[PDB]
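Enquirer: Protein sequence lines correspond, in order, to chains A and B. First residue of the first sequence? That's 1 in the working numbering, and the numbers climb one at a time after it. First residue of the second sequence? That's 213 in the working numbering, and the numbers climb one at a time after it. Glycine included, each C-beta is placed from N, C-alpha and C at the ideal position.
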Amino acid sequence: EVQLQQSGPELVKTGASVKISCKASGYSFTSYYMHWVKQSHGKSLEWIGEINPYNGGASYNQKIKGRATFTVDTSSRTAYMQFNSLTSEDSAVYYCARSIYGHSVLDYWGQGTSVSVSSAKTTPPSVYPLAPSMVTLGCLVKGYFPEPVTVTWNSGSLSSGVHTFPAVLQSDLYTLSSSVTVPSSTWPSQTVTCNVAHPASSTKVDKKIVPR
Amino acid sequence: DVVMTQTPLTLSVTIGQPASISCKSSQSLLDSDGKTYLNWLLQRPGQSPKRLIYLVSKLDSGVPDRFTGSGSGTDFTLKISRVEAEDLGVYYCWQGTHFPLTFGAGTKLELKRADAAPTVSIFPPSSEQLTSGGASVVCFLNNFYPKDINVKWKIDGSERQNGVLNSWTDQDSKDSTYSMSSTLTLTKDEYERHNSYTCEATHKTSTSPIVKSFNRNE
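1) With DSSP collapsed to three states, give me the class of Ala-347 (chain B).
2) What beta strand (DSSP E) runs, 3 residues minimum, are completely inside the stretch 167 to 205 of chain A?
3) Would you list the residues sitting across from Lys-366 (chain B) in a DSSP beta bridge?
4) Just to confirm before moving on: does the CB-CB distance between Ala-200 (chain A) and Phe-165 (chain A) stay below 9 Å?
5) Would you kindly check if the distance between the Cβ of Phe-279 (chain B) and the Cβ of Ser-260 (chain B) is under 9 Å?
6) Taking 9 Å as the threshold (C-beta atoms), are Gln-111 (chain A) and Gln-6 (chain A) in contact?
7) What does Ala-231 (chain B) reach in chain A if we use C-beta pairs closer than 7 Å?
8) Can a CB atom of chain C be found closer than 9 Å to the CB of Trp-153 (chain A)?
9) What are the residues in the stretch 70 to 98 of chain A lying within 9 Å of chain B by C-beta distance?
10) Is there contact here, the stretch 201 to 209 of chain A with the stretch 252 to 269 of chain B, by at least three beta-carbon pairs under 8 Å?
11) Measure from the C-beta of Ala-317 (chain B) to each C-beta in chain A and report whether the shortest distance is under 9 Å.
12) Since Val-182 (chain A) meets chain B, which of its residues come closer than 8 Å, beta carbon to beta carbon?
13) Give the single residue among B:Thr-395, B:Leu-290, B:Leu-342, B:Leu-242 whose Cα lies nearest to the Cα of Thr-309 (chain B).
14) Name the residue from B:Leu-250, B:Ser-333, B:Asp-277 whose alpha carbon lies nearest to the alpha carbon of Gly-316 (chain B).
15) Chain A partners of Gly-308 (chain B), CB-CB under 7 Å?
16) Could you tell me whether the Cβ atoms of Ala-97 (chain A) and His-35 (chain A) are closer together than 9 Å?
17) Once you ignore the five residues that flank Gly-143 (chain A) on each side, which residues in its own chain have a CB closer than 7 Å to its CB?
18) Considering only their Cβ atoms, is the gap separating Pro-336 (chain B) from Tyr-409 (chain B) smaller than 9 Å?
19) Which of the residues in the stretch 127 to 139 of chain A, read from start to end, lie with their CB under 9 Å from any CB of chain B?
20) If I measure Cβ to Cβ from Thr-193 (chain A) and keep anything under 8 Å in the same chain, skipping five residues before and after, which residues do I get?
21) Closer than 9 Å between beta carbons: that is the criterion. Which residues of the stretch 339 to 363 of chain B meet it against chain A?
22) Give, in chain order, every residue of the stretch 30 to 42 of chain A whose Cβ lies closer than 7 Å to some Cβ of chain B.
23) Determine which residues of the stretch 185 to 211 of chain A have a Cβ less than 9 Å from any Cβ of chain B, and write them out in chain order.
24) What does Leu-158 (chain A) touch in chain B if you count any residue whose Cβ is under 9 Å from its own?
25) Between the C-alpha atoms of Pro-211 (chain A) and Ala-297 (chain B), what's the straight-line distance to the nearest angstrom?
26) State buried or exposed for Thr-331 (chain B), treating a residue as buried only when at least 16 other CB atoms are found within 10 Å of its CB.
27) Please name the residue or residues paired with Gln-383 (chain B) in a DSSP beta bridge.
28) Mind listing which residues of the stretch 168 to 182 of chain A have their C-beta closer than 8 Å to chain B's C-betas, in chain order?
29) Would you say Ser-119 (chain A) faces chain B, with C-beta separation under 9 Å as the test?
30) Contact criterion: CB-CB distance below 9 Å. Does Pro-312 (chain B) meet it with respect to chain A?
31) With distances taken from CA atoms, which of A:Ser-59, A:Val-151, A:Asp-107, A:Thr-69 is nearest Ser-178 (chain A)?
32) Applying a beta-carbon distance threshold of less than 8 Å, which residues of chain B neighbour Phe-165 (chain A)?
33) Listing by chain order, which chain A residues have their CB less than 9 Å from the CB of residue 431 (chain B)?
34) Under 9 Å between beta-carbons, which chain A residues line up against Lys-262 (chain B)? List them in chain order, please.
Here it is, written out as C-alpha cells:
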C-alpha cells in the first residue's frame, strides 16, 4: 500500500517560514516524483512544484516567486517543502502527491498539512457542556486560535449520532460546537463525555455532560 | 497558465441517476508525444484527494466502472452512469500537458433525498461559562433536508437579531441530511436580565415553525 504521511498543522508568524514534511512508504522512493499542491479555503487547488527524489532536482510554479524550496532525504524517504516569507494569502492546506512516472500523472495524495499564517497568539478553547426516544447533548468549544480542534465523544465509543459543526471566525477567534444524540434511556444513566483536543495549544479537555 | 473551466459547478443528484461534468481547457491538451494529460480527481469529505481518471479515459484501479471519462483537445466530460451515495464530494479536472499543472475550480456533487424536518434542541449557558462571566445560548437544527432553513431567536417574546452566529454542516454521507447550529452570545449580565429564550426553525416541511424554549425561572 502506498502511504504518504504528512506532518501536523502549523501556525506561522506573518513574514516567517514553515517547513513541512511528507514521509513516503510502500514503494521505491527515488522512482517517482513528488509534487506539492496548495488548497485554499478547502476549495481551489494550485500546483507549487515537483521534485525528483533521485537527483534532488526541483521545478517550481513561477507564481510562487522563488519562495518555496523542495528537498528530500532518501534514507528516511521524506520530501520536505520550506516556504518562506509567508503572508495571510498563504494560509491553506498543503498536500504532497506522488506521480507516475513522474511530473505528469499524480496518483496518490497525502492527507494535507494545514498552515495558518497570522500575527495572533495561540489561544486554547474554553469547552462548555451543553445539557438540556432520543436526547441531544453537546459540547461548545469557544474562543480558540488557530484551527484545528478535534472533538470525539466517549473517546470514540459514541460515533453514530455525532455531528460537529464547522468553526466560525469572529474577531480573530474560532468557535464550534458538536452534537451527539443518544437514547433517553441511556443518558443520564450512562456517562457521556466530549473530548476536545487543540494541537496548537497542546490542550485536551474532557467534559462530562451532567444534567443541569 | 492553462485555464480549466468546469460546468456545472454544482450537481444535485437522485441516487441511481446518471450525472455528467464538462471540462474545457483554454488550450488543447494534446501533447507532441501523442498523449492527452487530462485527469479527474475526487475529494470526498473526511478524505484525501483521490485519483479518478487519467489520460482522459483511464480509470484508477480503485474506481468503479460507473465512471467514464471522454473528450479530446479542449473539451472533456466525466460521466457517472448511476450515482451512488459514495459519490458525494468535489470533483476536479486538471491538466498536466502544460507547465504549470493547473486545476479546475471543482464541481460539488450533492445528493437528493426525501424532505426531512429538523430535530431542534436549545441549550442554556453552562454553569462553567456563567462563572467566567459569559453567556452563550445554543440551538441545534439537526438532520433536515433540503438545505434552506431559517432560525429566529426570541428573548422574553422579543425578536433578537444581533450576536447570532450560524454554522452549517456539509451534507452527511450516511443519511444525506444537513444540520445547522445557531449560537446567541450575550454578556452574563444581559443574559440574567431576561427569563425566556426561544429558538424558532422555519423549514419547507411545515407552515408552522418548530419552537424550542427554556425559561430561567424553571
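Expert: Working from what's here:
1) strand
2) 168 to 170, 173 to 183, 193 to 198
3) B:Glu-371, B:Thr-410
4) no
5) no
6) yes
7) Those within 7 Å of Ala-231 (chain B) in chain A number zero; the least Cβ separation is about 20 Å.
8) Within the model displayed, chain C is absent; protein chains A and B are what it includes.
9) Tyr-95, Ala-97
10) no
11) yes
12) By Cβ distance, chain B contributes nothing, its closest Cβ being about 12 Å from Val-182 (chain A), past 8 Å.
13) B:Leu-242
14) B:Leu-250
15) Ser-104, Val-105
16) yes
17) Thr-123, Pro-125, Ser-126, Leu-173, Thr-175
18) yes
19) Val-127, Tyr-128, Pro-129, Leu-130, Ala-131, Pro-132, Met-134, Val-135, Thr-136, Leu-137, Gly-138
20) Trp-153, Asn-154, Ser-155, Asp-206, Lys-207, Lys-208, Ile-209
21) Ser-339, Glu-340, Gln-341, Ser-344, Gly-346, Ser-348, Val-350, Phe-352, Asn-354, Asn-355
22) none
23) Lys-207
24) None at all; the shortest Cβ gap to chain B is about 15 Å.
25) 37 Å
26) buried
27) Answer by DSSP bridge pairing: none, since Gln-383 (chain B) is not bridged.
28) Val-168, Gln-170, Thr-175, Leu-176, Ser-177, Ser-179, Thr-181
29) no
30) yes
31) A:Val-151
32) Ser-379, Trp-380, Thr-381, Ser-391, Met-392, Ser-393
33) A query on residue 431 (chain B) cannot be resolved here, the shown segment of chain B reaching from 213 to 430 and no further.
34) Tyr-108, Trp-109
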